[PDB]
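Summary of structural features
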Amino acid sequence: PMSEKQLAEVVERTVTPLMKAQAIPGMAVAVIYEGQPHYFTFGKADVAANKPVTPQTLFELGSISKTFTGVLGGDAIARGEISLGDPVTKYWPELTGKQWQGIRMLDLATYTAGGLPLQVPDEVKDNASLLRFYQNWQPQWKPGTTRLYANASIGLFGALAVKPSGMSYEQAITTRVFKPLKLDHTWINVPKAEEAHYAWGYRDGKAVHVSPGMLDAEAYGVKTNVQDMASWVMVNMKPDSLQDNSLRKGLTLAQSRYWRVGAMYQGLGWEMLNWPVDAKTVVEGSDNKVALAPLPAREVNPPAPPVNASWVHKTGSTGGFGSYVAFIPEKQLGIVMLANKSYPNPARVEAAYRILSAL
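So, here is what we can say about the structure in this document. (Residues numbered from 1 in each chain as written, not as in the entry; some residues may be left out. Heavy atoms only, no water.)

1. A few points about the overall build of the protein
- For the protein, the helix and strand inventory stands at 12 helices and 16 strands.
- Here the C-alpha radius of gyration of the protein, 19 Å, is about what a compact globule of 359 residues would show, namely 21 Å.
- For the protein, the spread of C-alpha atoms along the three principal axes comes to 60 × 40 × 40 Å.
- Relative to its 359 residues, the protein shows a buried fraction of 55%.
- Of the contacts formed within the protein by residues at least 6 apart in sequence, a portion of 70% connects residues at least 24 apart.
- Summed over its atoms, the accessible surface of the protein is roughly 14900 Å², and 52% of this surface lies on carbon and sulfur atoms.
- Computing the positive centroid from 35 side-chain charges and the negative centroid from 31, the protein places the two 3 Å apart. (Helix = DSSP H or I, 4+ residues; strand = E, 2+ residues; numbered from the N terminus. Rg over C-alpha atoms; globule rule 2.2 N^0.38 Å. Buried < 20%, exposed > 50% of the residue type's maximum accessible area, 1.4 Å probe, protein only. Contact = heavy atoms within 4.5 Å. Areas by Shrake-Rupley, 256 points an atom, 1.4 Å probe, with all protein chains shown as cover. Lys, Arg positive; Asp, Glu negative; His and termini not counted. Charge placed at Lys NZ, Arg CZ, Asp CG, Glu CD.)

As structure tokens, this is what we get:
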């Protein structure tokens, strides 16, 4: 749809019926068409105060934060600070239990350690109870064979990836990823001074924000607006637009293919499927029944480097937010849909597919 008004129609005709069917109060959308961002905003950021969602509105990324984690882990690898090959145990010597070896930083980054759970238990409030949690976890499968999507796996990869830098996770991500990329309105903790832009999420008609949790920043804690989210997409769509540094290499590593699961490839945070892609395959693959299930995983020897003809995406949720990102570097086409209501993942994928297959 060359025209911006044609673009706006393609977005609205899908988004509006989506908000009504899913009772979503607000949504901020970014379409990257020919490499340029275009913003479309709908509904409310704050339903009580009647605030509209604009491109300055901060949304909780939820699991999309994992794409930042991935790229931060890739940047530490290009720096020689950590290697995916390494035993987890070289970054956490207190993890002495026998189930732990054979388990590599790679298995943590890509949910392939043998069954770490979806969520860190809420009983776990500090470093000691977290240590005890991993010491007492019992694998259901051998390491490096089974993929089970997990905050407890990549959350730990993130916290461990950053220890060689001497920086806290918040400081590492902010200095090595957010700032260099000029994502100045992307945070782990939203400043009090910027709170006014922070949308409320809606769970059962209740306004909520994500609750503190162990490994939250690492697994589901980034907050941004659609402007920074669009910049994040354009930069991951075209890394070669960067300076051959550690971060450029990092972005390349995050979209490398480490495992093949069904019709998808597991990158660091990012997930990819060969483009063109059947709508049925991608929408159904995002259902909880498949995406949250344990699935056999075939390791790619020498991780395959990025293929431009991919559907690269990530769905991210918190209790009050539902967001989705998908891009095709080949066509330089992308979409970001940030919403303040966590609605089914298949509906996010379906909507983005519908908008993207029309451009």
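2. Topic: the packing of aromatic side chains
- Following the criterion strictly, the structure yields 12 aromatic pairs and no others.
- Plain terms: the ring middles of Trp100 and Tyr134 are 5.8 Å apart, the flat faces sit at 80 degrees to each other, and that makes the pair edge-to-face. Pair noted here: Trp100 is in the loop between α2 (65-78) and α3 (105-109) and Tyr134 is in helix α4 (residues 127-136), with a separation of 34 residues, a long-range link.
- For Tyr134, a relative accessible area of 0% puts it in the buried group.
- The residue whose ring lies beneath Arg348 is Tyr343, and the NZ or CZ to ring-centre distance is 5.3 Å. (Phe/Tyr/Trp six-rings, centres within 6.5 Å; stacked < 30°, edge-to-face > 60°. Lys NZ or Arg CZ within 6 Å of the ring centre and 35° of its normal.)

3. Re the packing of α2 against helix α6 (residues 169-178)
- Packing of α2 against α6 leaves a shortest axis separation of 10 Å and a crossing angle of 80 degrees. Looking at the two axes, α2 sits roughly perpendicular to α6. Residues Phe68, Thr69, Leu72, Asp75 and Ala76 of α2 touch α6, and the partners they reach there are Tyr169, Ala172, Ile173, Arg176, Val177 and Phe178.
- By residue class, the composition of the contact of α2 with α6 is eight nonpolar, one polar and two charged. (Axes fitted to C-alpha atoms, helices over the stretch in contact; angles between N-to-C directions. Parallel < 35°, antiparallel > 145°, perpendicular 65-115°, else oblique. Nonpolar A, V, L, I, M, F, W, Y, C, P; charged D, E, K, R; others polar.)

4. Some thoughts on the packing of helix α1 (residues 4-22) against helix α12 (residues 345-357)
- The interhelical angle for the contact between α1 and α12, taken along N-to-C directions, is 160 degrees, at an axis separation of 9 Å. Taken together, the axes of α1 and α12 lie roughly antiparallel to each other. The crossing of α1 and α12 is right-handed. Residues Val10, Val11, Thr14, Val15, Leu18 and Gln22 of α1 lie in contact with α12, whose contacting residues are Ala347, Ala351, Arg354 and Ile355.
- The class makeup of the residues in the contact of α1 with α12 is seven nonpolar, two polar and one charged. (Left-handed = near helix turned anticlockwise from the far one by under 90°.)

5. Focus on the side chain of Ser256
- On the secondary structure map, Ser256 appears in the loop between α9 (246-254) and β9 (257-261).
- Residue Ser256 is classed as buried on the basis of its relative accessible area of 5%.
- A polar side-chain atom of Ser256 sits 2.8 Å from the main-chain carbonyl oxygen of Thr252.
- Setting aside residues no more than four positions away along its own chain, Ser256 makes contact with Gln266, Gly267, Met272, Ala304, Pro305 and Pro306. (Polar contact = N/O pair within 3.5 Å; in protein donor to acceptor, adjacent residues only side chain to side chain.)

6. Describing α6
- Within the sequence span of α6, burial applies to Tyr169, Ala172, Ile173, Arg176, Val177 and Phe178. Each buried residue of α6 lies within a common arc of 155 degrees when the element is viewed along its axis, so the set occupies one face.
- On its buried face, α6 sits against α2, α5 (151-161), α7 (216-219), α8 (226-237) and α9. (Arc of directions from axis to C-beta.)

7. Focus: α8
- For α8, spanning 12 residues, the distance from its first C-alpha to its last is 16 Å, which sits close to the expected 16 Å at 1.5 Å a residue.
- Of all 12 residues that make up α8, nine are buried, and the element is covered over most of its length.
- Every buried residue belonging to α8 is among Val226, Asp228, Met229, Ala230, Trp232, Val233, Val235, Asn236 and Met237, and all of these are buried.
- Its side-chain oxygen 2.9 Å from the backbone nitrogen of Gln227, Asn225 forms the N-cap of α8. (Expected span 1.5 Å × (residues − 1).)

8. Digging into the sheet that holds strand β14 (residues 310-317)
- In spatial order, the strands read β3-β2-β1-β16-β15-β14-β11-β10-β9-β13; together these 10 strands make up an open sheet with antiparallel pairing. Here the strands that pair on one side only, and so sit at the sheet edges, are β3 (51-52) and β13 (298-304).
- In terms of strand pairing, strand β15 (residues 322-328) meets strand β16 (residues 333-339) through seven bridges, oriented antiparallel. Bridging from a neighbouring strand, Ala326 pairs with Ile335 of β16.
- The sheet contacts of α1 involve β1 (26-33), β2 (36-46) and β16, and relative to β2 the element is tilted by about 30 degrees. (Pairing = 2+ DSSP bridges.)

9. Here we look at the pairing of β1
- Among the eight residues in β1, eight count as buried, and that is most of the element.
- Burial of the side chains of β1 extends over both faces: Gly26, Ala28, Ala30 and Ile32 are buried on one face and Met27, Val29, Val31 and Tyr33 on the other.
- With eight bridges connecting them, β1 and β2 associate as antiparallel partners. When the sheet's bridge partners are listed, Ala28 is paired in β2 with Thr41.
- Hairpin connection from β1 to β2: two residues lie between these consecutive antiparallel strands, with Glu34 at a positive phi of about 60 degrees.
- Here six bridges tie β1 to β16, and the two strands are oriented antiparallel to one another.

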